[PDB]
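Quick notes on the structure that follows.
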Amino acid sequence: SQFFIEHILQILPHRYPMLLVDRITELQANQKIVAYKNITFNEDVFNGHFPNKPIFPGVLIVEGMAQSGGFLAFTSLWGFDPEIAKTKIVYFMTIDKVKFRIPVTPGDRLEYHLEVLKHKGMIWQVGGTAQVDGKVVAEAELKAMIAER
Amino acid sequence: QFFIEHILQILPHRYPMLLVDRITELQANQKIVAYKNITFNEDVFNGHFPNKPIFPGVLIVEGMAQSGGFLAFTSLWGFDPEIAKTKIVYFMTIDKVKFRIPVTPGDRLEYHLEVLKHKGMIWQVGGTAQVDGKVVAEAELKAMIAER
Amino acid sequence: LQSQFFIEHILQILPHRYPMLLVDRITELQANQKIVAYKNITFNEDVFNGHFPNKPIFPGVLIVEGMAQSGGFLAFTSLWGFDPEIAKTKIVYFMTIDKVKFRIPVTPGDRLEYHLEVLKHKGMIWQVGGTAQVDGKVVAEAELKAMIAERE
Amino acid sequence: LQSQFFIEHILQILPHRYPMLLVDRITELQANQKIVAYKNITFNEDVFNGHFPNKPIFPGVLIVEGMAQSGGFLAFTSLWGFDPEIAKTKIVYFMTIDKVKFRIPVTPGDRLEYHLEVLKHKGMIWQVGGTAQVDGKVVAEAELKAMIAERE
Amino acid sequence: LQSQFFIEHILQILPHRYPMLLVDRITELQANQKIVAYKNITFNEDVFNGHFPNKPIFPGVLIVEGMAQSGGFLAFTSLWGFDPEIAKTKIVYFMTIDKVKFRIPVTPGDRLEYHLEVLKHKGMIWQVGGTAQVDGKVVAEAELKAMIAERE
Amino acid sequence: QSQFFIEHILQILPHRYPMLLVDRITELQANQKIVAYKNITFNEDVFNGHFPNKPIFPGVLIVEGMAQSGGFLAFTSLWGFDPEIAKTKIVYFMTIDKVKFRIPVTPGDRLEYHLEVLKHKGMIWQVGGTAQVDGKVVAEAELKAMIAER
Ligand SMILES: COc1cc(O)c2c(c1)O[C@H](c1ccc(O)cc1)CC2=O
Ligand SMILES: COc1cc(O)c2c(c1)O[C@H](c1ccc(O)cc1)CC2=O
Ligand SMILES: [Cl-]
Ligand SMILES: [Cl-]
Ligand SMILES: [Cl-]
Ligand SMILES: [Cl-]
Ligand SMILES: [Cl-]
Ligand SMILES: [Cl-]
């Protein structure tokens, strides 16, 4: 159900400044994930996006959704297994139906809601939304392949 | 509420030393409630510590001092970016600080400061930092606002 | 309106700055039609510290972002030409992204070339599609709809 | 136990890393009693981008941090001597901070000297107090309690 | 010993890391004789934040550094071949630099090509000289002497 | 003036983080010599890569700090402490020669730049000297620069 940063670090190979999931609040195998990233001014991204107007990049929202969806796919098949995690990689083949509705800014808790749309073998198609305070800020569908590292 | 854009117009602190994201409550000469989001995507966590992200205790205090500073700026001159842009903030004293619970990525670090005493530019504040309604830290501090 | 633009000119048009300005040079520009630009990929970028240790792969979403910035440069200059003063008052936003395909990984040493074509434009609304290429090969494809909005 | 330690020795004892390793050299050390150490202050530090633009002032809270790290080096080597294999699985938590006064701003070009004395220690819990100094003058006073803990 | 090496190979031979690994790819290598390598130059490098605001220019001294690293890669693979096991036990020290000329500024979007030849070598001491080139034009010249030393 | 602090250096040199490599000027004699320094601390980004577990201040950046000191000397010799004119000038370094590194520089070192004017003819300034740590010569270099409009 709940995974904290330490758990996340053992599953995902992403490190600073490209690990964009802070906590997993909900996880149903083969079904859905709810996770989040806290948004703060204290992030290097905001130096350039943009000067005097801090806006969390929309592509990094999608990236966070992908990272959530990849975590869903991996743990669905192998559970919380750091040893297997090092032998596998989840890369993203496609991204589709992306819509941005509301700008994300420092102070926002950026929540990722992804469900498994379909899966066959190592090909997993996830989809859902990014949410701040109950509102949809973005949506996206993503297709991942799981492979050997 | 004051948002990051408003905070930037008052506090002189910038990246990577601006440690308040939003002001939720402000009562002139009385108290302030504010917060900073804690995320893994912060440079500090590279060194504090490897494989063990713990938000530095001294930076909790700094975030409290900045919250106190916002309260000080605005109690003094109201929301005035023009006056603000000439000033900086010096730490004078820190006392009676206790850390109870570690602060980690995914935490909403909420600052609760009240005015203990003030005179001119010298402001003494005290209160707590909280995560999910729990006190993670206590501190008292005195800061001075000065011309740049 | 020129067809070649260097970083000096890109900085005057785009509001993006480090570490989110992801276009280094523009090699072809045809108003309301197309842009060919590129970003150099080097190990000396902070992004590779995290993506990934011992295995530097340029993030696919940053390829898309770089395509969007190229598209945004094209959109603005198609309407106002090289006008830094007005550029300073405008900002281009992503509305949608569709049909994104990652074909080949991008790595240090690569010259990431953005090829964007104008699919539709009406006023401030611009639909662009195209590819990111390395040494003549398609590494990514994307379509996006952008909005030229007020900065304030 | 030696009395002088260099950055290599510090790295082998303290768990802190960039951008939070704030002790550069140890000049004297008496086990269970005192430590004198220092950190060089240069404009070439990332903190100075934010504290403050056009007026670089080394943050007071980081002076306290460096004093704590000095006490933590003293604490560890007093416990286990110079043992990097024991050290690499330890971390250090701040417990309390009291009676800190900042007297003089610290700026680029300063050699920030930490002088800590052990006020009380019991097991992993070390209470140190002292001063930070620049050119023989007290820029800061501080009392603090830190706990050494096994990473778990 | 092959002729082309990519970033993952360079990582395994050179001890340099971010932000001081300034070679992205090796295109040509003749043991004990010469090397052609390059670094891509992008705006997305932290160094351009300070060199200079509103005018990105790749520092001349860092061009020399990239040439030394190219020389160092040549030096090591000449003596040990592609041996990551032994590469881990070594660093490189600059001993001398001579005859350096800066002819053309290097900017974002440039492919910085390093051409170095061995002038003299004995044991760990390697003397190299050559040019840095962008689009076939000489941007810089330098001679340098380096030593491969045991990490101890 | 004879002594300049970081505030003054920022107003004369266009260099900024992470390429401003002079922290303070302790001596300045117009047309003759400059003594300046940069503090070396582990808390610098360069040390992440140069090298892991063995922090060594890059030799090329010693030379760079010497060049910066030479440029400050040249500029202040021509116009003194003038931030307004500073914004309109560049000091372009054309050549570097006779550089030798004797002792590695590490966190905790006070890197002192000793530079003197070797030749000044029109826009061309030729400067040379040493970098020192605790009175010992750690590096030496000669440099030639040209004054020009920004
Ligand atoms: C351990 O090696 C890795 C790790 C990754 O995160 C990734 C990878 C390889 O490569 C993935 C990829 C990207 C593009 C492509 O055409 C084929 C695969 C993208 C990715 O996220
Ligand atoms: C006080 O005036 C100075 C001093 C310098 O050292 C320098 C300078 C101006 O400006 C030079 C410069 C060179 C090229 C450019 O596009 C912008 C600035 C770099 C330099 O080292
Ligand atoms: Cl965006
Ligand atoms: Cl702490
Ligand atoms: Cl990717
Ligand atoms: Cl302070
Ligand atoms: Cl240069
Ligand atoms: Cl060196």
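A note on labels: chains of the structure tokens are A, B, ... as shown, every chain counts residues from 1, and ligands are counted from 1 in their shown order.
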With 12 Å as the cut-off and only C-alpha atoms counted, what is the closest atom pair between each nearby residue of chain B and chain F? Distances in Å to one decimal, ordered by chain and number, as a Markdown table.
```
| residue | atom | partner | partner_atom | distance |
| --- | --- | --- | --- | --- |
| B:43 | CA | F:45 | CA | 11.4 |
| B:44 | CA | F:43 | CA | 11.7 |
| B:46 | CA | F:48 | CA | 10.8 |
| B:47 | CA | F:43 | CA | 10.3 |
| B:148 | CA | F:7 | CA | 11.7 |
```
What are the nearest atom pairs, with distances in Å to one decimal, for all residues of chain C that come at most 8 Å from ligand 5, using only C-alpha atoms and all ligand atoms, set out by chain and rising residue number as CSV?
```
residue,atom,partner,partner_atom_place_in_ligand_line,distance
C:51,CA,ligand 5,1 (Cl),7.9
C:57,CA,ligand 5,1 (Cl),6.7
C:58,CA,ligand 5,1 (Cl),6.3
C:59,CA,ligand 5,1 (Cl),3.7
C:60,CA,ligand 5,1 (Cl),4.0
C:61,CA,ligand 5,1 (Cl),6.5
C:105,CA,ligand 5,1 (Cl),7.6
```
- Item | Backbone-only DSSP, strand (DSSP E or B) members of chain E, as JSON, numbers by chain | {"E": [5, 25, 26, 27, 28, 29, 30, 34, 35, 36, 37, 38, 39, 40, 90, 91, 92, 93, 94, 95, 96, 97, 98, 99, 100, 101, 102, 111, 112, 113, 114, 115, 116, 117, 118, 119, 120, 121, 122, 125, 126, 127, 128, 129, 130, 131, 132, 133, 134, 137, 138, 139, 140, 141, 142, 143, 144, 145, 146, 147, 148, 149, 150]}
- Determine which residues of chain F DSSP labels as alpha helix (DSSP H) from the backbone of this structure, then write them out as a ChimeraX atom specification. /F:6-12,59-79,83-86
- Message: Taking only C-alpha atoms into account, find every residue of chain A that has an atom no more than 12 Å from chain D, and write it out as a list in words.
- Response: residues 6, 41, 42, 44 and 47 of chain A
If you keep N, CA and C atoms, can you produce a file of those selected residues as an mmCIF file, in the first residue's frame?
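Result file is out-v3.cif:
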```cif
data_model
loop_
_atom_site.group_PDB
_atom_site.id
_atom_site.type_symbol
_atom_site.label_atom_id
_atom_site.label_comp_id
_atom_site.auth_asym_id
_atom_site.auth_seq_id
_atom_site.Cartn_x
_atom_site.Cartn_y
_atom_site.Cartn_z
ATOM 1 N N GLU A 6 12.611 5.811 0.530
ATOM 2 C CA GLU A 6 13.605 4.738 0.671
ATOM 3 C C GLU A 6 13.236 3.498 -0.142
ATOM 4 N N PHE A 41 9.689 25.575 -4.194
ATOM 5 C CA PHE A 41 10.548 26.530 -4.904
ATOM 6 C C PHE A 41 12.005 26.050 -4.941
ATOM 7 N N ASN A 42 12.378 25.254 -3.940
ATOM 8 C CA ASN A 42 13.750 24.808 -3.756
ATOM 9 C C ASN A 42 14.200 23.721 -4.738
ATOM 10 N N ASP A 44 15.919 23.057 -8.590
ATOM 11 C CA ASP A 44 16.753 23.653 -9.624
ATOM 12 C C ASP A 44 15.972 24.015 -10.898
ATOM 13 N N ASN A 47 14.772 27.663 -11.616
ATOM 14 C CA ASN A 47 15.711 28.680 -12.073
ATOM 15 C C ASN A 47 15.455 29.084 -13.526
#
```
May I have the residues of chain F within 6 Å of chain E, counting only C-alpha atoms, written as a PDB file with N, CA, C and O atoms, in the first residue's frame?
```pdb
ATOM      1  N   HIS F  15      32.459  37.862 -14.546  1.00  0.00           N
ATOM      2  CA  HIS F  15      32.407  36.473 -14.092  1.00  0.00           C
ATOM      3  C   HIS F  15      31.456  36.297 -12.928  1.00  0.00           C
ATOM      4  O   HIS F  15      31.412  37.123 -12.013  1.00  0.00           O
ATOM      5  N   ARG F  16      30.698  35.206 -12.972  1.00  0.00           N
ATOM      6  CA  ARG F  16      29.705  34.882 -11.951  1.00  0.00           C
ATOM      7  C   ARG F  16      29.802  33.396 -11.623  1.00  0.00           C
ATOM      8  O   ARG F  16      30.574  32.682 -12.250  1.00  0.00           O
ATOM      9  N   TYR F  17      29.039  32.936 -10.636  1.00  0.00           N
ATOM     10  CA  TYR F  17      29.000  31.507 -10.289  1.00  0.00           C
ATOM     11  C   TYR F  17      28.629  30.637 -11.516  1.00  0.00           C
ATOM     12  O   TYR F  17      27.683  30.964 -12.239  1.00  0.00           O
ATOM     13  N   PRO F  18      29.351  29.517 -11.737  1.00  0.00           N
ATOM     14  CA  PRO F  18      30.501  28.996 -10.994  1.00  0.00           C
ATOM     15  C   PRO F  18      31.892  29.304 -11.605  1.00  0.00           C
ATOM     16  O   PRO F  18      32.775  28.438 -11.585  1.00  0.00           O
ATOM     17  N   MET F  19      32.086  30.512 -12.131  1.00  0.00           N
ATOM     18  CA  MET F  19      33.352  30.870 -12.780  1.00  0.00           C
ATOM     19  C   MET F  19      34.032  32.137 -12.248  1.00  0.00           C
ATOM     20  O   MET F  19      34.996  32.626 -12.849  1.00  0.00           O
ATOM     21  N   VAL F  46      32.781  21.589  -8.520  1.00  0.00           N
ATOM     22  CA  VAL F  46      33.946  20.923  -9.161  1.00  0.00           C
ATOM     23  C   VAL F  46      34.424  19.651  -8.474  1.00  0.00           C
ATOM     24  O   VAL F  46      34.862  18.718  -9.149  1.00  0.00           O
ATOM     25  N   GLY F  49      33.416  15.941  -9.307  1.00  0.00           N
ATOM     26  CA  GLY F  49      34.017  15.222 -10.417  1.00  0.00           C
ATOM     27  C   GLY F  49      35.527  15.247 -10.521  1.00  0.00           C
ATOM     28  O   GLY F  49      36.094  14.616 -11.413  1.00  0.00           O
ATOM     29  N   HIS F  50      36.186  15.959  -9.617  1.00  0.00           N
ATOM     30  CA  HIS F  50      37.629  16.137  -9.721  1.00  0.00           C
ATOM     31  C   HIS F  50      38.341  16.031  -8.363  1.00  0.00           C
ATOM     32  O   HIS F  50      38.734  17.052  -7.793  1.00  0.00           O
ATOM     33  N   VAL F  60      43.761  23.820 -14.312  1.00  0.00           N
ATOM     34  CA  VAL F  60      43.257  24.804 -15.284  1.00  0.00           C
ATOM     35  C   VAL F  60      42.507  25.962 -14.622  1.00  0.00           C
ATOM     36  O   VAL F  60      42.491  27.073 -15.146  1.00  0.00           O
ATOM     37  N   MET F  94      44.414  35.787 -24.822  1.00  0.00           N
ATOM     38  CA  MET F  94      44.830  35.292 -26.128  1.00  0.00           C
ATOM     39  C   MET F  94      45.748  34.080 -26.009  1.00  0.00           C
ATOM     40  O   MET F  94      45.628  33.133 -26.785  1.00  0.00           O
ATOM     41  N   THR F  95      46.673  34.134 -25.047  1.00  0.00           N
ATOM     42  CA  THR F  95      47.670  33.078 -24.854  1.00  0.00           C
ATOM     43  C   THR F  95      47.921  32.764 -23.378  1.00  0.00           C
ATOM     44  O   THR F  95      47.647  33.586 -22.490  1.00  0.00           O
ATOM     45  N   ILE F  96      48.420  31.552 -23.141  1.00  0.00           N
ATOM     46  CA  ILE F  96      48.866  31.084 -21.835  1.00  0.00           C
ATOM     47  C   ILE F  96      50.159  30.307 -22.093  1.00  0.00           C
ATOM     48  O   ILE F  96      50.242  29.537 -23.046  1.00  0.00           O
ATOM     49  N   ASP F  97      51.167  30.521 -21.253  1.00  0.00           N
ATOM     50  CA  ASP F  97      52.494  29.950 -21.482  1.00  0.00           C
ATOM     51  C   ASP F  97      53.237  29.694 -20.187  1.00  0.00           C
ATOM     52  O   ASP F  97      52.923  30.306 -19.166  1.00  0.00           O
ATOM     53  N   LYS F  98      54.225  28.796 -20.253  1.00  0.00           N
ATOM     54  CA  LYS F  98      55.163  28.510 -19.154  1.00  0.00           C
ATOM     55  C   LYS F  98      54.455  28.196 -17.844  1.00  0.00           C
ATOM     56  O   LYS F  98      54.845  28.672 -16.780  1.00  0.00           O
ATOM     57  N   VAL F  99      53.402  27.400 -17.927  1.00  0.00           N
ATOM     58  CA  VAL F  99      52.696  26.998 -16.729  1.00  0.00           C
ATOM     59  C   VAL F  99      53.218  25.664 -16.213  1.00  0.00           C
ATOM     60  O   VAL F  99      53.383  24.712 -16.970  1.00  0.00           O
ATOM     61  N   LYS F 100      53.532  25.644 -14.924  1.00  0.00           N
ATOM     62  CA  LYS F 100      54.034  24.461 -14.248  1.00  0.00           C
ATOM     63  C   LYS F 100      53.294  24.305 -12.928  1.00  0.00           C
ATOM     64  O   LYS F 100      53.115  25.280 -12.195  1.00  0.00           O
ATOM     65  N   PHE F 101      52.855  23.081 -12.643  1.00  0.00           N
ATOM     66  CA  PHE F 101      52.182  22.764 -11.387  1.00  0.00           C
ATOM     67  C   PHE F 101      53.112  21.959 -10.489  1.00  0.00           C
ATOM     68  O   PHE F 101      53.610  20.897 -10.879  1.00  0.00           O
TER      69      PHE F 101
END
```
- For stretch 68-82 of chain B, list every protein, DNA or RNA residue within 8 Å, evaluated using only C-alpha atoms, and leave out those in the same chain fewer than 4 positions away; present the list as a list in words. residues 7, 9, 10, 11, 26, 27, 28, 29, 31, 32, 64, 86, 89, 113, 114, 115, 123, 125 and 143 of chain B
Residues from last step as file, C-alpha atoms, as a JSON list (two decimals), in the first residue's frame:
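The resulting file, result.json, is shown below:
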```
[["chain", "number", "residue", "atom", "x", "y", "z"],
["B", 7, "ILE", "CA", 6.90, 35.63, -1.03],
["B", 9, "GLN", "CA", 8.44, 40.19, -3.59],
["B", 10, "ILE", "CA", 9.03, 40.40, 0.18],
["B", 11, "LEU", "CA", 11.84, 38.02, 1.20],
["B", 26, "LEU", "CA", -1.04, 36.13, 8.68],
["B", 27, "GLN", "CA", -1.92, 38.27, 11.69],
["B", 28, "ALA", "CA", 0.13, 41.47, 11.94],
["B", 29, "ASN", "CA", 2.24, 41.63, 15.14],
["B", 31, "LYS", "CA", 1.48, 35.17, 14.30],
["B", 32, "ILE", "CA", 2.12, 33.49, 10.97],
["B", 64, "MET", "CA", 11.01, 29.22, 10.53],
["B", 86, "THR", "CA", 16.27, 47.29, -0.36],
["B", 89, "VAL", "CA", 17.76, 39.70, 7.00],
["B", 113, "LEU", "CA", 5.52, 31.36, 14.52],
["B", 114, "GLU", "CA", 4.25, 33.96, 16.97],
["B", 115, "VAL", "CA", 5.87, 37.26, 17.97],
["B", 123, "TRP", "CA", 12.25, 40.77, 15.90],
["B", 125, "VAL", "CA", 9.75, 35.00, 17.29],
["B", 143, "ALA", "CA", 16.41, 38.39, 13.47]]
```
- Spatial neighbours of residue A:3, 8 Å, only C-alpha atoms, chain gap at least 3 places, as a PyMOL selection string: chain A and resi 6-8+23-25
Please write the residues from the selection above to a file, keeping N, CA and C atoms, as a short mmCIF file (atom, residue, chain, number, x, y, z; two decimals), in the first residue's frame.
```
data_model
loop_
_atom_site.label_atom_id
_atom_site.label_comp_id
_atom_site.auth_asym_id
_atom_site.auth_seq_id
_atom_site.Cartn_x
_atom_site.Cartn_y
_atom_site.Cartn_z
N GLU A 6 12.61 5.81 0.53
CA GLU A 6 13.60 4.74 0.67
C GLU A 6 13.24 3.50 -0.14
N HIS A 7 11.95 3.17 -0.16
CA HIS A 7 11.42 2.05 -0.94
C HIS A 7 11.49 2.36 -2.42
N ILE A 8 11.06 3.57 -2.78
CA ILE A 8 11.08 4.05 -4.16
C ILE A 8 12.51 3.95 -4.74
N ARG A 23 6.38 9.68 -2.75
CA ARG A 23 5.66 8.75 -1.89
C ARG A 23 4.55 8.05 -2.66
N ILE A 24 4.37 6.77 -2.38
CA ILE A 24 3.26 5.99 -2.93
C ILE A 24 2.23 5.75 -1.83
N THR A 25 1.03 6.30 -2.02
CA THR A 25 -0.03 6.19 -1.02
C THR A 25 -0.96 5.00 -1.25
#
```
Least-squares fit on all C-alpha atoms, paired in order: put chain C onto chain E and return it as a tab-separated table (two decimals) with C-alpha atoms, in the first residue's frame.
```
chain	number	residue	atom	x	y	z
C	1	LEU	CA	42.12	-1.87	-28.76
C	2	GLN	CA	39.28	-0.06	-30.55
C	3	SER	CA	39.37	3.36	-32.25
C	4	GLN	CA	35.82	4.44	-31.29
C	5	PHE	CA	34.62	4.91	-27.70
C	6	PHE	CA	31.32	6.25	-26.38
C	7	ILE	CA	30.42	7.80	-23.00
C	8	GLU	CA	29.91	4.33	-21.44
C	9	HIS	CA	33.58	3.54	-22.12
C	10	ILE	CA	34.91	6.99	-21.18
C	11	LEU	CA	33.25	6.67	-17.75
C	12	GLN	CA	35.08	3.36	-17.16
C	13	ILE	CA	38.49	4.86	-17.97
C	14	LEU	CA	38.35	8.45	-16.70
C	15	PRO	CA	37.70	9.21	-13.01
C	16	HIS	CA	36.24	12.64	-13.98
C	17	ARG	CA	32.54	13.10	-13.28
C	18	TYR	CA	29.96	15.94	-13.54
C	19	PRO	CA	30.66	18.85	-13.82
C	20	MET	CA	34.26	18.06	-14.88
C	21	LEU	CA	33.98	15.23	-17.41
C	22	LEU	CA	34.49	17.16	-20.63
C	23	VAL	CA	34.83	14.44	-23.29
C	24	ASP	CA	31.66	12.89	-24.79
C	25	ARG	CA	32.93	10.57	-27.53
C	26	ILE	CA	36.17	9.28	-29.07
C	27	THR	CA	36.25	9.00	-32.87
C	28	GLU	CA	39.90	8.01	-33.51
C	29	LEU	CA	42.44	6.29	-31.29
C	30	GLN	CA	45.94	5.22	-32.32
C	31	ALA	CA	48.03	3.81	-29.43
C	32	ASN	CA	51.12	5.89	-28.51
C	33	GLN	CA	50.32	8.22	-31.41
C	34	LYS	CA	47.01	10.09	-31.37
C	35	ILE	CA	43.41	10.59	-30.28
C	36	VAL	CA	40.51	12.47	-31.87
C	37	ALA	CA	37.63	13.04	-29.48
C	38	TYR	CA	34.94	15.65	-28.91
C	39	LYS	CA	32.66	17.35	-26.44
C	40	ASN	CA	29.28	18.78	-27.46
C	41	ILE	CA	28.65	22.35	-26.33
C	42	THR	CA	25.07	23.14	-25.26
C	43	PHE	CA	23.42	26.10	-23.51
C	44	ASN	CA	22.11	23.59	-20.94
C	45	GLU	CA	25.41	23.61	-19.02
C	46	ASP	CA	25.78	25.24	-15.61
C	47	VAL	CA	29.06	26.90	-16.66
C	48	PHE	CA	27.18	29.30	-19.00
C	49	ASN	CA	25.23	30.76	-16.05
C	50	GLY	CA	28.46	32.56	-15.15
C	51	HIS	CA	30.48	32.75	-18.36
C	52	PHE	CA	28.78	35.03	-19.21
C	53	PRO	CA	25.22	36.24	-18.51
C	54	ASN	CA	23.57	36.94	-21.93
C	55	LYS	CA	26.84	35.92	-23.63
C	56	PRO	CA	27.57	32.14	-23.37
C	57	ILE	CA	31.29	31.54	-24.06
C	58	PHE	CA	32.81	28.15	-23.24
C	59	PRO	CA	35.83	28.85	-20.93
C	60	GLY	CA	39.18	28.51	-22.69
C	61	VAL	CA	40.64	26.75	-19.64
C	62	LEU	CA	37.90	24.11	-19.98
C	63	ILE	CA	38.89	23.59	-23.63
C	64	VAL	CA	42.41	22.91	-22.35
C	65	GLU	CA	41.02	20.60	-19.64
C	66	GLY	CA	39.08	18.66	-22.30
C	67	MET	CA	42.26	18.28	-24.37
C	68	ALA	CA	44.07	16.98	-21.25
C	69	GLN	CA	41.36	14.39	-20.54
C	70	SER	CA	41.61	13.18	-24.16
C	71	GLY	CA	45.41	12.97	-23.76
C	72	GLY	CA	44.96	11.10	-20.46
C	73	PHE	CA	42.58	8.58	-22.10
C	74	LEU	CA	45.17	8.07	-24.85
C	75	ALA	CA	48.06	7.68	-22.38
C	76	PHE	CA	46.26	5.10	-20.24
C	77	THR	CA	44.84	3.00	-23.09
C	78	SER	CA	48.21	3.08	-24.91
C	79	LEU	CA	49.71	1.29	-21.88
C	80	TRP	CA	46.91	-0.92	-20.55
C	81	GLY	CA	44.34	-1.00	-23.36
C	82	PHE	CA	40.68	-0.89	-22.35
C	83	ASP	CA	41.19	-2.01	-18.76
C	84	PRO	CA	38.52	-0.54	-16.39
C	85	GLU	CA	39.86	-2.46	-13.34
C	86	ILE	CA	43.34	-0.88	-13.59
C	87	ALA	CA	41.90	2.50	-14.73
C	88	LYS	CA	40.22	2.62	-11.31
C	89	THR	CA	43.65	2.52	-9.60
C	90	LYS	CA	45.34	5.19	-11.73
C	91	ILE	CA	44.91	8.94	-12.13
C	92	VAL	CA	46.44	11.34	-14.68
C	93	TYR	CA	47.82	14.67	-13.41
C	94	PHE	CA	48.81	17.88	-15.22
C	95	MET	CA	52.46	18.67	-14.68
C	96	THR	CA	52.81	21.48	-17.24
C	97	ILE	CA	50.84	23.40	-19.87
C	98	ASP	CA	52.58	25.45	-22.60
C	99	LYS	CA	51.93	27.29	-25.86
C	100	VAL	CA	48.19	27.75	-25.26
C	101	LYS	CA	46.51	29.93	-27.86
C	102	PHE	CA	42.83	30.90	-28.02
C	103	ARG	CA	41.82	31.78	-31.58
C	104	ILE	CA	38.02	31.49	-31.80
C	105	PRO	CA	35.30	31.60	-29.08
C	106	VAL	CA	33.38	28.37	-28.41
C	107	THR	CA	29.59	28.70	-28.02
C	108	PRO	CA	26.43	26.55	-27.53
C	109	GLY	CA	25.71	24.53	-30.68
C	110	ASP	CA	29.43	23.91	-31.23
C	111	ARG	CA	31.01	20.49	-31.50
C	112	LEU	CA	34.34	20.88	-29.72
C	113	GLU	CA	36.75	18.42	-31.35
C	114	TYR	CA	40.00	17.52	-29.54
C	115	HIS	CA	43.02	16.56	-31.66
C	116	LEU	CA	45.95	15.34	-29.56
C	117	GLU	CA	49.23	13.89	-30.80
C	118	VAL	CA	51.90	12.14	-28.69
C	119	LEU	CA	55.08	14.24	-28.73
C	120	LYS	CA	57.00	12.15	-26.18
C	121	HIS	CA	56.34	9.26	-23.80
C	122	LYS	CA	58.56	7.44	-21.32
C	123	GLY	CA	56.77	5.20	-18.83
C	124	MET	CA	54.15	7.15	-16.90
C	125	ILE	CA	55.25	10.54	-18.29
C	126	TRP	CA	53.40	11.73	-21.41
C	127	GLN	CA	53.83	14.88	-23.50
C	128	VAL	CA	50.97	15.65	-25.86
C	129	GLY	CA	50.17	18.61	-28.08
C	130	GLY	CA	47.40	19.47	-30.49
C	131	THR	CA	44.31	21.53	-31.14
C	132	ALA	CA	40.64	22.01	-30.38
C	133	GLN	CA	38.58	22.39	-33.55
C	134	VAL	CA	35.08	23.47	-34.50
C	135	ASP	CA	33.86	22.72	-38.05
C	136	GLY	CA	37.45	22.18	-39.26
C	137	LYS	CA	38.80	25.44	-37.77
C	138	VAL	CA	41.38	25.65	-34.97
C	139	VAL	CA	39.78	27.39	-31.97
C	140	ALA	CA	42.63	26.57	-29.56
C	141	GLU	CA	46.13	25.05	-29.38
C	142	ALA	CA	47.95	23.59	-26.38
C	143	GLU	CA	50.87	21.47	-25.22
C	144	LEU	CA	50.84	19.60	-21.93
C	145	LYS	CA	52.90	17.12	-19.97
C	146	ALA	CA	50.94	14.62	-17.90
C	147	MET	CA	51.78	12.06	-15.25
C	148	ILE	CA	50.06	8.71	-14.77
C	149	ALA	CA	50.01	8.48	-11.01
C	150	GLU	CA	48.66	6.14	-8.37
C	151	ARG	CA	45.19	7.05	-7.18
C	152	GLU	CA	46.30	5.94	-3.67
```
- Query: So which residues are near ligand 2, meaning at most 9 Å away with only C-alpha atoms and all ligand atoms counted, given back as a ChimeraX atom specification?
  - Reply: /E:51-57,105 /F:11-15,67-72,74-76,82-83,85-93,145,147-150
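Counting from atom CA of residue A:36, the distance to atom CA of residue B:106 is 7.7 Å.
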Given only C-alpha atoms, how would the per-residue table for chain B near chain D read, listing every residue at most 9 Å away with its closest atom pair and distance in Å to one decimal, sorted by chain and number, as a tab-separated table?
```
residue	atom	partner	partner_atom	distance
B:12	CA	D:52	CA	6.8
B:13	CA	D:50	CA	5.4
B:14	CA	D:50	CA	3.9
B:15	CA	D:50	CA	4.6
B:16	CA	D:50	CA	5.5
B:17	CA	D:50	CA	5.1
B:18	CA	D:50	CA	7.0
B:43	CA	D:19	CA	7.3
B:44	CA	D:19	CA	6.0
B:45	CA	D:19	CA	8.4
B:46	CA	D:18	CA	6.4
B:47	CA	D:17	CA	3.8
B:48	CA	D:16	CA	5.8
B:49	CA	D:16	CA	6.0
B:50	CA	D:17	CA	7.3
B:52	CA	D:151	CA	8.2
B:56	CA	D:94	CA	8.5
B:57	CA	D:94	CA	6.5
B:58	CA	D:61	CA	5.4
B:59	CA	D:61	CA	7.1
B:61	CA	D:61	CA	7.7
B:62	CA	D:61	CA	6.7
B:88	CA	D:52	CA	7.9
B:90	CA	D:60	CA	8.2
B:91	CA	D:60	CA	6.4
B:92	CA	D:102	CA	5.2
B:93	CA	D:101	CA	4.5
B:94	CA	D:100	CA	5.0
B:95	CA	D:98	CA	4.4
B:96	CA	D:98	CA	5.3
B:97	CA	D:97	CA	5.0
B:98	CA	D:96	CA	4.5
B:99	CA	D:95	CA	5.3
B:100	CA	D:95	CA	7.5
B:102	CA	D:93	CA	8.6
B:139	CA	D:97	CA	8.6
B:148	CA	D:55	CA	7.6
```
- Message: What's around residue B:25 at 7 Å? Count only C-alpha atoms, leave out sequence neighbours fewer than 6 positions away in its own chain, and write the answer as a list in words.
- Response: residues 1, 32, 33 and 34 of chain B
